[PDB]
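Below: the structure, in structure tokens.
Virtual Cβ from ideal backbone geometry, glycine too; neighbours counted across all protein chains shown. None of the figures in this text is laboratory data; all of them are computed from the coordinates on show.
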Amino acid sequence: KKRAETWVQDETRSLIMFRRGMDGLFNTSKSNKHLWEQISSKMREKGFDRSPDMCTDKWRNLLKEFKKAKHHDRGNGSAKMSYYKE
């Protein structure tokens, strides 16, 4: 069921951060088994006890909504970005 502790801005925002950053990989590497593992552990280390399975499920939904091909596509905000090399 739905327990007290749930996805909070802190985590949510973070989850995307770790991803958006290591995204270029997900594309190259077919199997994102590691990425998902490293991420879960990373975002968790900060101080949030959460499982990887959840991060994957939640992420999937987050995208579905983000998609610009939905019945209701009114309410999105864009922003410039920057790239660099380690």
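Rounded if a/c is under 1.5, else prolate if a/b beats b/c, else oblate: with a ≥ b ≥ c from the C-alpha gyration tensor eigenvalues square-rooted, which is the stretch 43-86?
Judged from the Cα gyration tensor, the stretch 43-86 comes out oblate (a/c at least 1.5, b/c at or above a/b).
Within the chain, which DSSP H helices have Cα atoms that stretch 20 Å or more along the helix axis and a mean Kyte-Doolittle hydropathy of at least -1.0?
Span-like helices, by this rule, are 9-28, 52-66.
Which of the listed residues, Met22, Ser78, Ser41, is farthest toward the dipole's positive end in the chain, when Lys, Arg count +1 and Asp, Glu count -1 at the beta-carbon?
Looking along the dipole axis, the top candidate is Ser78.
Taking the alpha-carbon distance from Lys42 and a cut-off under 19 Å, which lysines remain once sequence neighbours fewer than 8 residues away in the same chain are dropped?
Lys42 reaches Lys33, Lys58.
Is it possible to state the helix-based mean residue ellipticity at 222 nm for the chain, with each DSSP H run of 4+ residues giving -39500 (n - 2.57), the sum divided by total residues, to the nearest 500 deg cm²/dmol? What is it?
My calculation for the chain gives -19500 deg cm²/dmol from helical runs alone.
Of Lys30, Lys46, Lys58, which is the most mobile in a GNM of the chain whose springs link Cα atoms less than 10 angstrom apart?
Ranking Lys30, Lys46, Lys58 by mean-square fluctuation puts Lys30 first.
Which part of the stretch 1-25 falls in the paramagnetic zone of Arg50, meaning amide N under 15 Å from the point 7 Å along Cα-to-beta-carbon?
3-21
Where nothing but the Cβ of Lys and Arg (+1) and of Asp and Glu (-1) is charged, how large is the charge dipole of the chain around its Cα centre, in debye to the nearest 20?
340
For the chain, set up a Gaussian network in which alpha carbons nearer than 10 Å are linked by springs, and say which option among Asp49, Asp57, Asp73 fluctuates the most.
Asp73
Please list log₁₀ I(q)/I(0) at q = 0.13, 0.22 Å⁻¹ for the chain, using the Debye equation with identical point scatterers on the alpha-carbon positions.
Values returned for q = 0.13, 0.22 Å⁻¹ are -0.52, -1.27.
Can you list which of the chymotrypsin sites (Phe, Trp or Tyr not before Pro) found in the chain are DSSP loop residues with at most 16 other C-beta atoms within 10 Å?
Taking the chain and a limit of 16 other Cβ atoms within 10 Å, the loop chymotrypsin sites (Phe, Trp or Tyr not before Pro) found are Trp7, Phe48, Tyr83, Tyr84.
Only Cα pairs within less than 10 Å get springs; with that Gaussian network setup on the chain, which residue of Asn61, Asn27, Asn76 has the largest fluctuation?
Largest GNM mean-square fluctuation: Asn76.
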